[PDB]
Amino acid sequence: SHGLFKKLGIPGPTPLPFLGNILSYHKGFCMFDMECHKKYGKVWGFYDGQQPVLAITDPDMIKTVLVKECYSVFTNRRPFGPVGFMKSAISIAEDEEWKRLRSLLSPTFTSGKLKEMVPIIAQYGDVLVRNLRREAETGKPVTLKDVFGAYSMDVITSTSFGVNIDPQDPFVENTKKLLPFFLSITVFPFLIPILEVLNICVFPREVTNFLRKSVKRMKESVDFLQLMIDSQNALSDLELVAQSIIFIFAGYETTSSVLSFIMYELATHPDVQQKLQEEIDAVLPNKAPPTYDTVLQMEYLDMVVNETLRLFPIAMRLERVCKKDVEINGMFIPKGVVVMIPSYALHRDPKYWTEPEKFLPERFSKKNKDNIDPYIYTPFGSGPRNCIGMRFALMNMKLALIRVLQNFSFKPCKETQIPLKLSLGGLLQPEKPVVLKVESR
């Protein structure tokens, strides 16, 4: 099954038996995609075990997979298991059950519901300034992911459940240890049903048994939880827990990690951090509380977040599974081949970005954003199955950037890893934690 790409005339690295091309992951998913982006061109194919993975870079072919042929061919992602009861997760759901869950959780982040969340986040924006003021009056380098993780945990637990959880909070402690052995599932896809019918999972039982019991305590009979009960009156009780774990993890690990990526760039680029503080003071003088209209008005704030998401796409890749024999843009893709879109390799392609290594917010300016292909820059994906919490994540991260830059400035320390080396492992994280100096204003 490894002579597939040799047959279709699609180039790619020579796979090893059983392992495939996984031994080339020693530098990471991103480094392997960039090396293959230069070695083989625009389209190459490699193997994750015996699972054939086809990488595409043509924007027209990307649009056909993500947007056009979504409900017809490229509907589901790579089968991920064993998950146990977490099979009902919208991020892992497939075919008809996904459309029911996607349409059930879509009204969670409308412009009206997002406008209601601004006063809720405005409360947590003050405790963030107060806790950072303690670490500002005392010369101590701040572990940013720590305090941002506490801020990111309160937002998603309040804007989705209405419950207040407020340094050793058992949620942040449990939600973080979903962070190895997967090396086997890529090589034993047949061991996935070995653990399904016999009920074995990959997620630790304690992080699920706690969250399953916490959602039941949350079931105090318009929120993200209130939508799932009104739609129940068909939604199951165990399916309700699976969607909460995805929202709790996405609201904590994604927002806080990107916020840590933004502060590092602003501290390592003083003129960029200064120009952003001046704009924030202009739109919001006297440290005025931010509103939904003032968040979208700050364009340089949007140009900074879009540039950081370009350099640091936490998802790195985009995966879709071809469910039947099709031919898109004059290229045949067999059934079962996982079509992959290297977001990291395309965000730093020298043939689409000038100086793709450096932090230049001028790329996303309204003067220059017309030269950016929306299918090359995909930090949240695209199509009907993109990031459903995209507008919620962009709002929460900007609310933290506004409320903090009004009161503090960020400078590098001695222990600040400059340049920031990304973790050579799996998910997109720095090797050493992001620590910076905080000075009051």
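So that the term is clear: the rigid core is the largest set of C-alpha atoms that superpose within 1.5 Å between two forms. Don't overthink the numbering: it's just position in the shown sequence, from 1.
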| item | value |
| --- | --- |
| Larger mean CA deviation from the shown form in 9 other deposited structures of this protein [core fit; 303 to 311 vs 95 to 103] | 95 to 103 |
| Core-fitted comparison in 9 other deposited structures of this protein, 250 to 258 vs 223 to 231, farther C-alphas | 223 to 231 |
| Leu179 coordinate gap across at least a third of other entries | yes |
| Interresidue gap class [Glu94, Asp95; deposited sequence, unmodelled] | none |
| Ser221-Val222 interval: deposited residues absent from the model | 4 to 9 |
| Of 301 to 309 and 325 to 333, the stretch whose C-alpha atoms average the higher B-factor in the entry | 325 to 333 |
| Higher-B stretch (mean Cα B-factor, as the entry records it), 190 to 198 or 314 to 322 | 190 to 198 |
| Selection from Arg77, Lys99, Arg212, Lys369 [criterion: highest C-alpha temperature factor in the record] | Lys369 |
| Highest recorded Cα temperature factor - choice among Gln232, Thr159, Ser343, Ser88 | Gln232 |
| Record-listed C-alpha B factor of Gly81: chain third | lowest |
| CA B-factor placement of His37, once the chain's modelled residues are sorted into thirds | lowest |
| CA B-factor placement of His347, once the chain's modelled residues are sorted into thirds | lowest |
| Cα B factor band for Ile280 (lowest, middle or highest third within the chain) | highest |
| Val129 - which third its CA temperature factor falls in, relative to the rest of the chain | highest |
